[PDB]
Every structure is written in C-alpha cells, then in structure tokens.
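Notes follow once the structure below has been shown.
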Ligand SMILES: [Cl-]
C-alpha cells in the first residue's frame, strides 16, 4: 500500500513534468512561427497573382537582384544597373540629336 | 483505499485533460504553419539563386516596389514609373529624329 | 488491490504513449517550420522597407514576373521583356542618328 502511494506520487510528478514539457515545446514552436509570420514576404491571396510589398505607403526596395535576361518576352526582373545602361544610351542619343539640330 | 481510488480517478481525468491540450495546441500551431506555407514567397532551392514566382503561367505582379537606385552596377529592382520616365525620353528622341528627317 | 495495481500499470502505459505523441507531434511541426524558415523570402527587418535577396554575392534572379504597368509613378516591378522593348526602340534611334550623320 505504501508502495501504491509512492507509485501514485511519482505518477503525479511525471504528469507535472509532462505539462511543463508541453508548455515549453509549444511556446518554442509558436515563437519560431511568429517570427517567420512577421518577416516572410507573402502573396496577397491564394491566386498568387500579386505581391503587394509590406513596406507601407513609401514602398519596399528589393535589392541583390541578379541581372535578368533582356530578351523578347523575358519574365525576369531587371535591376537599376540594367536601367542605367539603357539610360546612358538614351542620354547619348538625346545629346547627339541636340548637337545635330544646333548644327544648322 | 477509497482515497487511492479517488486519487486514481483524478489522475485519469488529468491525463484526459492533457490529451485534449496536446490536440488543441498542436492543431493551432499546424494551422498557423499551414497558412504561412501556403502564402510565403519562396526560393526555388537551397542555393537561393532564383525565385520563380508562384502565380502560374501568366505570372505574378510585384507592386509597392520603391524606386531602385539607377546607377552603374545597381542590384536594386526598378519599377514601372522608372521605366515610364525612360520611355518618355525615348519617345521624344524618336519624334525628334522623325522631325529632323521629314525636314528635308 | 490487484485492480489498483492493474489500473496503475495502464496509467503508466498511457503516460508513455503521451510522451511518444508529444515527441512525434513536436518533431513534425518543427520540421515543417524549419523547412519554411529556410526557403521563405524575408524582409530584412520589421520596417519592411527592404528585401536583400538571399542568393549571396552574385544575387538572386526573380522570374515569372508579370509585366508591370508602365505609367507615371507606377510601383509595379518590370521585367526583361519590357526592358527589351525599350532597348529595341533605343537601338533604332541610335542607328537612325548614325545614318543621318553619315549622310553628310
Ligand atoms: Cl533613345
């Protein structure tokens, strides 16, 4: 009988240990999920047809974008250095056009 | 003894409570993980060298993109208003070129 | 009494079953969270003002980008086919400018 009572005491202790484990394990996983929920970039809905970036009214800079292929129908994103290359050629054309005209 | 039996009854009840807690806590965390898994934008593999957006064959619009720096070697993404500014200058050049030629 | 002892034995077995459940359920959820943590595209901090893509020093290609609206102030990302269309018009202008000049 004093054996029964001791066995019950240990059972009670193990139940308490289990409750402590559940609470710590669940808190840990919820903490990790919460962190990701708050920092993941998300599609706006299940269509995945749009990502409205989360930076607010002044927007979100995306950077470390590798140069996209500039070819007909390419769906790769392009970056500021790619646009700068075009801008340089356009500025030359604008200048040359002005130079030709002012030569008259 | 009737004490032992009562203690056992309560132990049984607590075990059932614990099983109910585990099931609810795990369901909650799985629900939150599932939601994020389905709406997070993902890299295609562990290299992180590419994101193929999930909008299907007609693609994914990214919007609220802050103007990227247009400078040599910039890796910032650029947006449609930045391209529109270039397009405007190109259209002027095209027109002026046509005007110069038709002046002959 | 032999009833008490049997009830205790079953209680012990159920506690072990519960410990096995907790360990499997938690491992499963941690595995799914870990996978997402490693493949989700993330904002750099709580401002969400920037995403520095995770592809390393040579960057990350974003693809399957739907054509963005090219209009004044548009914050839609643009893609390589959109840039290619502009490049084509710029190359024409450059050529025509050279042709006009070499006609002299
Ligand atoms: Cl031009």
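Chains as they are written, first to last, in our numbering: chain G, 1 to 104; chain S, 1001 to 1104; chain D, 2001 to 2104.
For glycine and all other residues, C-beta sits at the position ideal for the given N, C-alpha and C.
Residues that DSSP places opposite residue 65 of chain G in a beta bridge: For residue 65 of chain G, the beta-bridge partners assigned by DSSP are D:2060.
query: Helix, strand or coil: how does DSSP classify residue 51 of chain G here?
result: If DSSP states are grouped into helix, strand and coil, residue 51 of chain G belongs with the strands.
- request: Indicate the three-state DSSP secondary structure (helix, strand or coil) for residue 1077 of chain S in the structure shown.
  value: Residue state, collapsed to three classes: strand.
- prompt: If contact means a Cβ-Cβ distance below 8 Å, which residues of the stretch 1092-1104 of chain S contact chain G?
  reply: Taking 8 Å as the Cβ-Cβ cut-off against chain G, the residues of the stretch 1092-1104 of chain S that qualify are 1092, 1093, 1096, 1097, 1100.
- request: Please confirm whether any heavy atom of ligand 1 lies closer than 8 Å to the CB of residue 1090 of chain S.
  value: For ligand 1, at least one heavy atom lies less than 8 Å from the Cβ of residue 1090 of chain S.
task: Give every residue of the same chain whose Cβ lies closer than 7 Å to the Cβ of residue 2085 of chain D, excluding the five residues on either side of it in the sequence, and list them in chain order.
output: Beyond the five residues adjoining it in sequence on each side, residue 2085 of chain D comes within less than 7 Å, by CB distance, of no other residue in the same chain.
- prompt: DSSP beta-bridge partners for residue 2040 of chain D?
  reply: Listed as beta-bridge partners of residue 2040 of chain D by DSSP are S:1042.
- prompt: So is residue 72 of chain G in contact with chain S if we call contact Cβ pairs under 9 Å?
  reply: Not one chain S Cβ lies under 9 Å of residue 72 of chain G.
task: Quick one: list the residues of chain S neighbouring residue 61 of chain G, beta-carbon separation under 9 Å, in chain order.
output: Within 9 Å Cβ-Cβ: 1065, 1066, 1067, 1068, 1069, 1076, 1077.
query: Can you tell which of S:1048, S:1072, S:1061 has its C-alpha closest to the C-alpha of residue 81 of chain G?
result: Ranking the options by Cα distance to residue 81 of chain G, first place goes to S:1072.
query: Quick one: does the C-beta of residue 95 of chain G sit closer than 8 Å to a heavy atom of ligand 1?
result: Answer for residue 95 of chain G: no, Cβ out of range of ligand 1.
Residues of its chain near residue 77 of chain G, where Cβ-Cβ distance is below 7 Å and the 5 sequence neighbours each way are ignored: Beyond the five residues adjoining it in sequence on each side, residue 77 of chain G comes within less than 7 Å, by CB distance, of 65, 68 in the same chain, given in chain order.
task: Using a threshold of 9 Å, state whether the C-beta atoms of residue 22 of chain G and residue 1018 of chain S are closer than that.
output: Contact annotation: residue 22 of chain G and residue 1018 of chain S have beta-carbon atoms nearer than 9 Å.
- prompt: How about residue 2041 of chain D and residue 2054 of chain D: are their beta carbons less than 9 Å apart?
  reply: Using a Cβ distance threshold of 9 Å, residue 2041 of chain D and residue 2054 of chain D count as a contacting pair.
task: Measure from the alpha carbon of residue 2044 of chain D to the alpha carbon of each residue in G:46, G:39, G:47, then state which is nearest.
output: The shortest Cα separation from residue 2044 of chain D among G:46, G:39, G:47 belongs to G:39.
- request: Using 10 angstroms around the beta-carbon of residue 1025 of chain S, count the other beta-carbons present and answer buried if the total reaches 16, otherwise exposed.
  value: When all chains shown are included, residue 1025 of chain S counts as buried.
- prompt: For residue 79 of chain G, which residues of its own chain have a beta-carbon under 7 Å away from its beta-carbon, when the five flanking residues on both sides are left out?
  reply: Answer for residue 79 of chain G: 65, 67, listed in chain order.
message: Once DSSP output is grouped into helix, strand and coil, what is the label at residue 1029 of chain S?
response: Helix.
Classification of residue 2034 of chain D by the beta-carbon crowding that lies within 10 angstroms, buried from 16 upward: An exposed status is given to residue 2034 of chain D, since fewer than 16 other beta-carbon atoms sit within 10 Å of its beta-carbon.
query: With 9 Å set as the bound, which would you pick, yes or no: does the beta-carbon of residue 2007 of chain D sit closer than that to a beta-carbon of chain S?
result: Put simply, the CB of residue 2007 of chain D is near chain S, with a gap under 9 Å to one of its CB atoms.
Residue 1016 of chain S in three-state terms, based on DSSP: Looking at residue 1016 of chain S - three-state DSSP - the assignment turns out to be helix.
message: Tell me which residues of the stretch 2012-2033 of chain D have at least one Cβ-Cβ distance to chain G shorter than 8 Å, keeping chain order.
response: Listed by position, the residues of the stretch 2012-2033 of chain D near chain G (Cβ gap below 8 Å) are 2012, 2015, 2018, 2019, 2022, 2026, 2029, 2030, 2033.
task: Alpha carbon to alpha carbon, how far is residue 2029 of chain D from residue 1010 of chain S? Give it in angstroms, no decimals.
output: Their backbone Cα atoms lie some 31 Å apart in a straight line.
task: Count the other CB atoms, across all protein chains shown, that sit within 10 Å of the CB of residue 2104 of chain D; report buried if there are 16 or more and exposed otherwise.
output: Classification of residue 2104 of chain D: exposed, given that the 10 Å Cβ count is below 16.
message: Just to check my reading of the structure: residue 96 of chain G and residue 2097 of chain D have Cβ atoms closer than 8 Å, yes? What is that Cβ distance to the nearest angstrom?
response: With 8 Å as the limit, residue 96 of chain G and residue 2097 of chain D qualify as a contact, their Cβ atoms being about 5 Å apart.
message: With a threshold of 9 Å between beta carbons, is residue 80 of chain G in contact with chain D?
response: Judged by the 9 Å Cβ criterion, residue 80 of chain G is not in contact with chain D.
task: Compare the beta carbon distance of residue 2089 of chain D and residue 1094 of chain S with 9 Å and say whether it is the shorter of the two.
output: A contact, by the Cβ cut-off of 9 Å.
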